[PDB]
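Undergrad: One structure is given below, represented as structure tokens, and several questions about it will come after.
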Amino acid sequence: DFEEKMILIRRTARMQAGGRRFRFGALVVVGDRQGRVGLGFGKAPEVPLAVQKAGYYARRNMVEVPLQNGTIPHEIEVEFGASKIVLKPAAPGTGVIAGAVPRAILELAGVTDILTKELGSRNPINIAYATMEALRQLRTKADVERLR
Amino acid sequence: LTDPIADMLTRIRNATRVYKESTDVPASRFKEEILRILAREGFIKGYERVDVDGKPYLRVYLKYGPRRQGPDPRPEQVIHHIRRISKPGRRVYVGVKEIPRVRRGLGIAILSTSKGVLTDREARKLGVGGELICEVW
Amino acid sequence: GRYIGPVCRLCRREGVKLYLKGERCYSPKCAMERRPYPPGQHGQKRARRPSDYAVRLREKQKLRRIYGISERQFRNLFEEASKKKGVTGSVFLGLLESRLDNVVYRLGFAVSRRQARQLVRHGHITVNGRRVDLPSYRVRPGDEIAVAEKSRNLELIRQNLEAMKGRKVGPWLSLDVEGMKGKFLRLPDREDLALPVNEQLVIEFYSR
Amino acid sequence: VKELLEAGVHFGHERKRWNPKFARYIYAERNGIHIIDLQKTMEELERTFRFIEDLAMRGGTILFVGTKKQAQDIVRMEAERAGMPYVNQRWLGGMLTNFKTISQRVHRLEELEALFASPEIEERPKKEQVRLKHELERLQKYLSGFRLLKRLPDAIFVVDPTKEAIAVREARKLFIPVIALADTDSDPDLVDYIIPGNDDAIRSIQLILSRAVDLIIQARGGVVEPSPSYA
RNA sequence: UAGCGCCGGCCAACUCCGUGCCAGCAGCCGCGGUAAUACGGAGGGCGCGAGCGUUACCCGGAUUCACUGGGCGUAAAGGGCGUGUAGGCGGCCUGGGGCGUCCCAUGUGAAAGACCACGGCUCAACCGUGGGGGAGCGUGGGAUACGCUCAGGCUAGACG
RNA sequence: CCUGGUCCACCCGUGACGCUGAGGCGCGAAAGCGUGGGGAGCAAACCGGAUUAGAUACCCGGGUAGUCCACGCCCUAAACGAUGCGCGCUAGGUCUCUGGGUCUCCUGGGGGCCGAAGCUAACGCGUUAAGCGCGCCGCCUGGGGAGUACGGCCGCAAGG
Ligand code: SF4
Ligand SMILES: [Mg+2]
Ligand SMILES: [Mg+2]
Ligand SMILES: [Mg+2]
Ligand SMILES: [Mg+2]
Ligand SMILES: [Mg+2]
Ligand SMILES: [Mg+2]
Ligand SMILES: [Mg+2]
Ligand SMILES: [Mg+2]
Ligand SMILES: [Mg+2]
Ligand SMILES: [Mg+2]
Ligand SMILES: [Mg+2]
Ligand SMILES: [Mg+2]
Ligand SMILES: [Mg+2]
Ligand SMILES: [Mg+2]
Ligand SMILES: [Mg+2]
Ligand SMILES: [Mg+2]
Ligand SMILES: [Mg+2]
Ligand SMILES: [Mg+2]
Ligand SMILES: [Mg+2]
Ligand SMILES: [Mg+2]
Ligand SMILES: [Mg+2]
Ligand SMILES: [Mg+2]
Ligand SMILES: [Mg+2]
Ligand SMILES: [Mg+2]
Ligand SMILES: [Mg+2]
Ligand SMILES: [Mg+2]
Ligand SMILES: [Mg+2]
Ligand SMILES: [Mg+2]
Ligand SMILES: [Mg+2]
Ligand SMILES: [Mg+2]
Ligand SMILES: [Mg+2]
Ligand SMILES: [Mg+2]
Ligand SMILES: [Mg+2]
Ligand SMILES: [Mg+2]
Ligand SMILES: [Mg+2]
Ligand SMILES: [Mg+2]
Ligand SMILES: [Mg+2]
Ligand SMILES: [Mg+2]
Ligand SMILES: [Mg+2]
Ligand SMILES: [Mg+2]
Ligand SMILES: [Mg+2]
Ligand SMILES: [Mg+2]
Ligand SMILES: [Mg+2]
Ligand SMILES: [Mg+2]
Ligand SMILES: [Mg+2]
Ligand SMILES: [Mg+2]
Ligand SMILES: [Mg+2]
Ligand SMILES: [Mg+2]
Ligand SMILES: [Mg+2]
Ligand SMILES: [Mg+2]
Ligand SMILES: [Mg+2]
Ligand SMILES: [Mg+2]
Ligand SMILES: [Mg+2]
Ligand SMILES: [Mg+2]
Ligand SMILES: [Mg+2]
Ligand SMILES: [Mg+2]
Ligand SMILES: [Mg+2]
Ligand SMILES: [Mg+2]
Ligand SMILES: [Mg+2]
Ligand SMILES: [Mg+2]
Ligand SMILES: [Mg+2]
Ligand SMILES: [Mg+2]
Ligand SMILES: [Mg+2]
Ligand SMILES: [Mg+2]
Ligand SMILES: [Mg+2]
Ligand SMILES: [Mg+2]
Ligand SMILES: [Mg+2]
Ligand SMILES: [Mg+2]
Ligand SMILES: [Mg+2]
Ligand SMILES: [Mg+2]
Ligand SMILES: [Mg+2]
Ligand SMILES: [Mg+2]
Ligand SMILES: [Mg+2]
């Protein structure tokens with residue numbers, strides 16, 4: 001099993017005669033703090049089901065981060081629409097320096113030491129997607145020598 | 001046409017984004033020196049001086065990864081990234097001490113130096129600097 | 001100056017026993033042992049989940065309220081370890097420890113740090129000979145911390161060394177009981193000391 | 001098993017209604033028609049069947065996809081002959097990606113099987129019979145070959161990856177290998193094991209299906225001589 | 001000797017009464033029209049501590065002048081269109097020079113301060129001793145790939 | 001009749017002569033202005049009739065500038081593809097206009113539609129890029145105040 005954290009829980013509305021009627025969403029990451037994270041987005045008529053629905057997707061889309069002594073191997077800059085995330089490798093006693101969104105994403109991934117920065121649209125849902133697709137594009141010296 | 005190198009790097013970048021076997025660039029002794037490094041460092045299979053309709057070109061043999069399982073079968077790239085640094089607009093040189101480390105080692109930076117075209121590594125071994133032509137990973 | 005007030009309300013807020021008195025901390029008259037819930041009109045209500053910021057402040061006051069230390073001295077000691085080489089977390093703990101008022105207490109010269117202060121400030125302590133009445137002295141490896149001879153015949157320090165006859169004291173400290181003198185061997189690895197504190201989170205409190 | 005008189009059955013079709021990814025498997029355009037290098041068909045049969053043969057001896061199921069009226073009946077014979085599932089009529093959305101749910105609709109079928117095999121009451125209203133019977137008659141129409149499928153197939157085999165893009169789509173999302181006879185209107189890069197051939201002429205569908213059915217049964221315990229086909 | 005700010009969201013800390021779009025609060029969104037955790041008091045609580053808050057100003061957050069590091073179809077943003085001056089920029093091959101560029105050796109880059117170690121005031125603030133540099137410019141020597149200049153060719157750009 | 005741009009085929013001539021372009025200079029729909037013509041139709045202003053609470057409008061009958069010509073001014077626009085120019089690279093289907101061929105079709109150059117990859121906040125763009133790149137230019141930096149004021153240059157004035 002994994003450690004699980006709810007990063008976002010929001011309410012949205014739609015309109016029809018008689019007035020507004022709501023729907024809830026939850027951005028949820030899940031991970032072992034040992035090289036495995038997954039991000040899931042769940043929407044439902046009530047908070048709990050959405051949180052649970054989210055968790056199922058989180059496990060449905062996962063990714064394997066090549067941790068090297070608790071930091072990422074190389075620079076990664078990634079855009080997701082108008083959102084940009086910078087992940088920069090950091091030495092031992094550094095700490096995890098990121099906003100509560102990529103913080104929880106990287107944290108549950110076993111990342112213990114990292115310099116980061118959000119640029120552009122800091123919309124919670126998009127910055128999430130950009131942090132993940134960044135990891136999914138992380139490589140190591142092995143991976144490289146094998147390609148080339 | 002105002003930049004041969006920038007055209008060259010670009011001719012490739014388009015060719016690799018739709019997985020062509022090769023693509024041809026107009027020939028130059030300077031392009032051979034860059035393709036040479038691009039050959040040795042293994043971003044491409046290699047190249048050869050061919051001729052098109054009476055005109056000298058260089059045919060460059062591209063290299064990719066394996067097919068992938070999933071909705072997107074398209075194999076990973078070998079040249080993920082390639083882009084000019086120094087340009088006719090804004091010349092870029094670096095002394096030895098400020099020579100960059102591309103992508104935490106996993107990539108290269110090509111140079112024009114008074115000792116020839118060298119990588120970030122080579123330049124530091126020989127102890128010389130030069131115009132930072134481009135970066136690749 | 002220092003905190004100097006009701007101290008059980010402290011543990012009750014932190015959710016954890018901090019050993020801020022000495023004797024009573026062990027008896028069942030200890031406040032956490034009667035009421036493990038935050039002080040005041042609203043302590044028995046069901047809590048609401050604290051935010052990241054909420055969580056970190058709380059972990060900070062934890063480590064901080066242990067030592068009876070001002071935020072300034074805390075901050076400055078911290079912003080030292082931030083600058084100085086290596087891993088921040090250990091060094092902060094280390095430099096925290098090298099305090100005389102702490103050193104006196106870890107040896108069992110005193111029953112609390114609060115008593116370890118009044119011991120230090122009233123000169124009843126000495127470092128490698130010379131009288132020292134400064135709670136803030138950064139004790140260095142090789143230092144021998146002892147009681148003044150001129151006060152060695154005092155009820156409190158004699159009685160308080162009585163417990164120490166063969167009592168354990170952390171690896172980096174040695175103690176000639178009866179003789180009233182102890183020794184600082186080295187500043188701790190995070191392992192040596194088990195303060196009920198996640199120390200990484202304090203860095204992150206300050207990264208904000 | 002392989003054979004060479006395939007050119008006595010298909011070599012390909014469809015003019016400039018082509019897909020440019022398929023050019024690597026096309027010999028030339030003559031009859032105002034894209035023509036498949038049949039040599040280039042053998043290569044891929046060799047590799048594709050190896051998969052199918054290696055898949056045979058492992059005792060693993062194969063889903064059979066063909067629903068254009070040119071390949072309608074011919075799949076139904078062949079999938080049964082190898083004892084494996086198919087779809088004849090409509091390819092329901094979520095047959096794979098929503099299996100537990102779609103197949104929850106076979107439990108209604110198996111349950112109708114029993115109920116109409118007497119008695120479990122016939123004192124149920126006349127009109128309910130009318131209703132239940134037709135529902136069985138309705139359900140039967142689509143699920144006769146899918147009911148065998150009781151778990152996600154270890155492969156699927158397709159007539160038109162262009163016409164059945166949906167099927168191909170689900171399989172991909174379920175990491176399932178994709179096998180297909182497919183002509184020049186189709187997308188090559190989309191199929192794992194490709195049989196570059198005409199996918200409309202009944203001739204071509206007979207050759208490639210049956211011989212693949214035979215390769216399946218050969219390595220799955222036994223052999224047999226010829227199978228039903230209209231001239 | 002213990003004081004001061006805060007407890008609607010940001011943002012750490014909540015209840016009762018009094019008030020009734022009044023009195024008042026306010027950095028922003030916003031609070032107050034008879035059950036206000038947002039106003040006034042109290043209890044309780046949170047944060048610092050011989051201090052705590054406020055006003056003003058500087059950098060940060062502001063990749064919101066974007067060299068690092070932004071943009072212009074519809075959000076702010078292509079000149080109404082040409083023609084052309086200065087300027088910026090420029091194809092393939094070979095040699096001379098070595099201007100830009102890279103390297104080496106040397107001079108200068110004061111002291112205090114910054115940093116690393118140590119040591120002196122019981123510590124610290126403060127202060128002492130030593131250590132490590134840098135750009136940048138002067139000089140000498142070297143390098144010649146790219147950009148420069150000069151010279152000699154070519155025909156893929158351009159013109160006829 | 002006088003005159004410009006532009007495409008094609010031959011691959012004959014020159015040998016990088018190229019690209020862009022702050023200022024400058026020219027061109028620049030309508031309306032508008034000056035002097036002189038011209039004035040059939042139309043028609044701001046204006047008159048009358050209807051409608052209407054009112055009708056300084058929409059509808060109907062009249063009607064002057066002007067609309068036309070020459071010369072000289074004005075220089076604005078939803079002057080639009082709301083998309084600066086040039087070059088190179090990155091699937092195809094189809095419709096059309098116009099050269100040339102070995103006239104199924106192949107090749108150039110323009111005009112539309114749908115679409116690969118990719119781009120995009122989305123809408124949509126997509127070899128006529130809004131894609132991947134280089135060069136140079138113009139332009140944007142919250143709404144209003146305001147295209148206003150002041151200064152300056154231009155114009156007969158309007159006004160730019
Ligand atoms: S008694 Fe329990 S609560 Fe009161 S101080 Fe000692 S430990 Fe903390
Ligand atoms: Mg990996
Ligand atoms: Mg963007
Ligand atoms: Mg975004
Ligand atoms: Mg590293
Ligand atoms: Mg923004
Ligand atoms: Mg925001
Ligand atoms: Mg740069
Ligand atoms: Mg303790
Ligand atoms: Mg946390
Ligand atoms: Mg450090
Ligand atoms: Mg302890
Ligand atoms: Mg900071
Ligand atoms: Mg077909
Ligand atoms: Mg405050
Ligand atoms: Mg605060
Ligand atoms: Mg709170
Ligand atoms: Mg009143
Ligand atoms: Mg009230
Ligand atoms: Mg307030
Ligand atoms: Mg109040
Ligand atoms: Mg003080
Ligand atoms: Mg002050
Ligand atoms: Mg500011
Ligand atoms: Mg800035
Ligand atoms: Mg810039
Ligand atoms: Mg911007
Ligand atoms: Mg324009
Ligand atoms: Mg103009
Ligand atoms: Mg021009
Ligand atoms: Mg010029
Ligand atoms: Mg020049
Ligand atoms: Mg040149
Ligand atoms: Mg030269
Ligand atoms: Mg020089
Ligand atoms: Mg120097
Ligand atoms: Mg100095
Ligand atoms: Mg000292
Ligand atoms: Mg420095
Ligand atoms: Mg030379
Ligand atoms: Mg010359
Ligand atoms: Mg030519
Ligand atoms: Mg010629
Ligand atoms: Mg101009
Ligand atoms: Mg005009
Ligand atoms: Mg006019
Ligand atoms: Mg007038
Ligand atoms: Mg006139
Ligand atoms: Mg007149
Ligand atoms: Mg009237
Ligand atoms: Mg009237
Ligand atoms: Mg009227
Ligand atoms: Mg009229
Ligand atoms: Mg007039
Ligand atoms: Mg007029
Ligand atoms: Mg138009
Ligand atoms: Mg146009
Ligand atoms: Mg405009
Ligand atoms: Mg606009
Ligand atoms: Mg322009
Ligand atoms: Mg532009
Ligand atoms: Mg034609
Ligand atoms: Mg013709
Ligand atoms: Mg065309
Ligand atoms: Mg037209
Ligand atoms: Mg389109
Ligand atoms: Mg697409
Ligand atoms: Mg086209
Ligand atoms: Mg755009
Ligand atoms: Mg303003
Ligand atoms: Mg404004
Ligand atoms: Mg004006
Ligand atoms: Mg105007
Ligand atoms: Mg004026």
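Each position is counted from 1, following the chain as shown.
Header entry for method reads X-ray crystallography, 2.8 Å.
The backbone N, Cα and C atoms fix where each Cβ goes, and this holds for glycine too.
Sharing the feature lines straight out of Swiss-Prot:
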- C:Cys8, C:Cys11, C:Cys25, C:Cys30: Zn(2+) binding site (BINDING)
- C:98-160: domain 'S4 RNA-binding' (DOMAIN)
Undergrad: Enumerate the residues of the same chain, C:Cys8, C:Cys11, C:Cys25, C:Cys30 excluded, that satisfy the criterion Cβ within 8 A of the mean position of the Cβ atoms of the recorded Zn(2+) site; list them in sequence order.
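TA: Going along the sequence, the neighbours come out as C:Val7, C:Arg12, C:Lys17, C:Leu18, C:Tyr19, C:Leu20, C:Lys21, C:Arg24, C:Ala31, C:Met32, C:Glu33.
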Undergrad: Which one of these binding-site residues has the most other Cβ atoms within 10 Å of its own Cβ: C:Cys8, C:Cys11, C:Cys30?
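TA: Of the binding-site residues C:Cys8, C:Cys11, C:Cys30, the highest Cβ count within 10 Å belongs to C:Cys11.
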Undergrad: Within the chain of C:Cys25 (Zn(2+) binding site), which residues six or more apart in sequence place their C-beta under 8 angstroms from its C-beta?
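TA: Same-chain residues close to C:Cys25 (Zn(2+) binding site) (Cβ under 8 Å, separated by 6 or more) are C:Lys17, C:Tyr19.
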Undergrad: Using DSSP, break the domain 'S4 RNA-binding' (C:98-160) down into helix, strand and coil residues and give each count.
TA: 23 helix, 11 strand, 29 coil
Undergrad: Please report the DSSP secondary structure of C:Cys30 (Zn(2+) binding site), reduced to three states.
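TA: In three-state terms, C:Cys30 (Zn(2+) binding site) counts as coil.
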